[PDB]
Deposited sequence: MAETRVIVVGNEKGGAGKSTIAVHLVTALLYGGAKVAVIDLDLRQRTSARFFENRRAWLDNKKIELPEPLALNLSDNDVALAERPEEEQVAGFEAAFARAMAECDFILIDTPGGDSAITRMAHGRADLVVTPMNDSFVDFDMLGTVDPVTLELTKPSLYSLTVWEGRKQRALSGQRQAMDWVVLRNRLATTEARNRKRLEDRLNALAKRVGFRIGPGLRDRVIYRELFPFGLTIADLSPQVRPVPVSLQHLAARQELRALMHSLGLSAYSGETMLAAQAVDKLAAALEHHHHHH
């Protein structure tokens, strides 16, 4: 694996939280990692790493940082430019990432856009964060269990389909691995448990993805965001927030998440520096 695309149809589902945690995990494993954020208007992942750089500079602390590549001098402005200019910016950034880094992580916003399609076309691994609800699963398609046939494809699944096509047309013979990461919801109703399980399994089979565990929504992530820090950075020497058992829980979820992506052996580790910081 070198190109990892984190994508879903409508954003959310902790996508950038997952993206930036994958980045720091791979950095701690000793890789050179590039990060490209194709959510040009919101730039959640790119801003996270801008915060990391600023905070580290302010504290004169060193932690691993990625090569963060913008598409232009002003990516918020680029969002309103014609597609061809967004594509050009992406191609130049991607060229630099491939020349300089071992892993390239691309955080992508979904929609019907050239750059999202092109990013998925470069992906060795597509990571799709998905909340555990019926309305969210609709973004992957609709499969009968009237038969188990596809009845309605989704826009996002078409994006992935288009990516696999670009990849093959380009002469890359290795298959792209597509993992939907299911985020469990605190609100999930008992009446829906069996059908939620069965629906996602039916979609996995017909649409062509496999299922892994995501991250539960937690306020701890938004509290870390302004510092550009991930769970893996926290220690007695690095704790601008109180470290709690929430952080240790999140760390375990990330272990299982990374395992499902096939990336365990590339991560930093997961004495215990996080427990030490409690």
What portions of the deposited sequence, indexed from 1, have no corresponding C-alpha atom in the structure? 1-3, 274-279, 288-294
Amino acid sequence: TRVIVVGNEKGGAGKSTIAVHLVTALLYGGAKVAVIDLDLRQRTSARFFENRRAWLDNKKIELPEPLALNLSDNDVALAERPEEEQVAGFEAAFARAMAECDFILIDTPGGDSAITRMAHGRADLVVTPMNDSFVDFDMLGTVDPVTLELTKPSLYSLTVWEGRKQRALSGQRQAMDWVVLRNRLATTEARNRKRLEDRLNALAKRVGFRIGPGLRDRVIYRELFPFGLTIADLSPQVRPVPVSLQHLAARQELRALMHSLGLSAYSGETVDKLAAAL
From here on, numbers count along this sequence of modelled residues.
183-191 versus 168-176 - which carries the larger mean C-alpha B factor in the record: 168-176
Decide which of the stretches 103-111 and 201-209 has the higher mean C-alpha B-factor, going by the entry. 103-111
When the CA B-factors of 93, 160, 150, 139 are compared as recorded in the entry, which is the largest? 150
By the CA temperature factor listed in this entry, which of these ranks top: 10, 255, 15, 21? 10
Within this chain, which third does the Cα B-factor at residue 129 fall in: lowest, middle or highest? lowest
Rank-wise, by C-alpha B-factor, drop residue 219 into the lowest, middle or highest third of its chain. middle
Where the record places residue 242 (Cα B-factor, split into thirds across the chain): highest
Taking the C-alpha B-factors as the PDB entry records them, is residue 45 in the lowest, middle or highest third of its chain? lowest
Within-chain third of residue 236 by Cα B-factor, per the entry: highest
